[PDB]
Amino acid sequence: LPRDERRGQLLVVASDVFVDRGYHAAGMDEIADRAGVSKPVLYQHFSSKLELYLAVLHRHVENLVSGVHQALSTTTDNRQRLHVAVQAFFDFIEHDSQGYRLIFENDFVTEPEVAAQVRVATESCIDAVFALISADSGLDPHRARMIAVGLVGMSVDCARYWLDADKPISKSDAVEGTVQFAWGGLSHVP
């Protein structure tokens, strides 16, 4: 596939500008200059500020979804899958500060295009966990989906607490605590 290196450079700068300034104050002139290109060159890659914003959101969502699916699809047992998938989520939120704000701390949810890019994403990650959990479980499929929702919720909320509290314990202790809790439940917390 032909690599549009100028597109990727633009998405990187646009991610920072949108997060740092907010959607309203962010401008195409600011984004072009940050990338070191003229505004007409920016328009040869993106049609509008909204199409660029949606491409930025899509890039961060794709990175999260692909990271999670790669964890689920490149492991052979339940426990291993849990370890690698929890790790992948902590890695995403720690390593993609822009992606984290755009997906999880987003105010600009007033328009359907943005809200859809997040709601289709969350459901796809839950679908994947559900596919793995339901297989040879003997569970009613709705109970299996309920568990997948709970498992994703428990993992996301633990990770978000850790990041939002400015990493009060090491990343390793947070990952270990989250995995141990997801695997053994409250019965094995002590």
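Don't overthink the numbering: it's just position in the shown sequence, from 1.
**Report entry** Selected stretch [higher average CA B-factor]: 128-136 or 161-169
**Finding:** Between 161-169 and 128-136, it is 128-136 that shows the higher mean C-alpha B-factor.
Query raised in the report: Which is higher in the entry, the mean Cα B factor of 148-156 or that of 34-42?
Result: If you average the C-alpha B-factors of 34-42 and of 148-156, the larger mean comes out for 34-42.
Requested in this report: Return the residue from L102, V109, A85, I93 that has the highest Cα B-factor in the entry.
Outcome: By C-alpha B-factor in the record, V109 ranks first.
Query - Third of the chain's Cα B-factor distribution that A174 belongs to, per the entry - result: Ranked within chain, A174 CA B lands in the lowest tercile.
Query raised in the report: Can you tell me which third, lowest, middle or highest, the CA B-factor of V19 falls into for its chain?
Result: CA B-factor rank for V19: lowest third.
Report task. Can you work out whether the C-alpha temperature factor of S97 puts it in the lowest, middle or highest third of the chain? Result -> Bottom third by C-alpha B-factor.
Query - Chain third (lowest, middle, highest) by recorded CA B-factor, residue given as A25 - result: Its C-alpha B-factor, which the entry lists for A25, ranks in the highest third among residues of this chain.
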